[PDB]
Each structure stands twice: as C-alpha cells, then as structure tokens.
C-alpha cells in the first residue's frame, strides 16, 4: 500500500527517523526508528518497518542511506516522504 506524507521539520531541521537498507545486495530502504516527540512520531503516519520509496517527488532507487539522509536534510521547512506501509 503506497502512501505519502508531508512532515514539518523541527528547529534542528529533523523529522525524527532512522533509516536502514540501501546497501550492496540489499537495495530497499526502510524506516528503522521513529523517535519520540518528533514530527514524524507526532504525525503518526509512518512507523518502523515502512519502506521509503521517494523524497519530495524523487525516487530513492539505488541510493545509499547516507545519500537518502542528505536528500532529506537538504530539504528545509517541510519534506514529503513517499512510502509503502508494512
């Protein structure tokens, strides 16, 4: 089930997630942790184990975790995360 959610960045330019995946032999990218009291956590749409498929209308295919973390961090104010629900 695909989905998208726009999250407002906190004062430290974070949404509040950890990610995993996007390595050799393991292409897919996932939300690993959603931290308490962050935008992601308080929105409630995303959760551990949902698959990250895009950021602000662009695919994360082929990208590494550092790469995707930068794709998110570059985007100020708010960011849309495109996902598949576990």
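Positions refer to the first chain, counted from 1.
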**Request:** Can you check if, in at least a third of the other PDB entries compared, residue 13 has no modelled coordinates?
**Result:** no
**Request:** Could you tell me whether residue 32 lacks coordinates in at least a third of the other compared entries whose models cover its neighbours on both sides?
**Result:** no
**Message:** Please compare 22 to 30 with 55 to 63 and name the stretch with the higher mean C-alpha B-factor in the deposited structure.
**Reply:** 22 to 30
**Fill in**
Chain thirds by Cα B factor, record data; residue 14 belongs to the highest
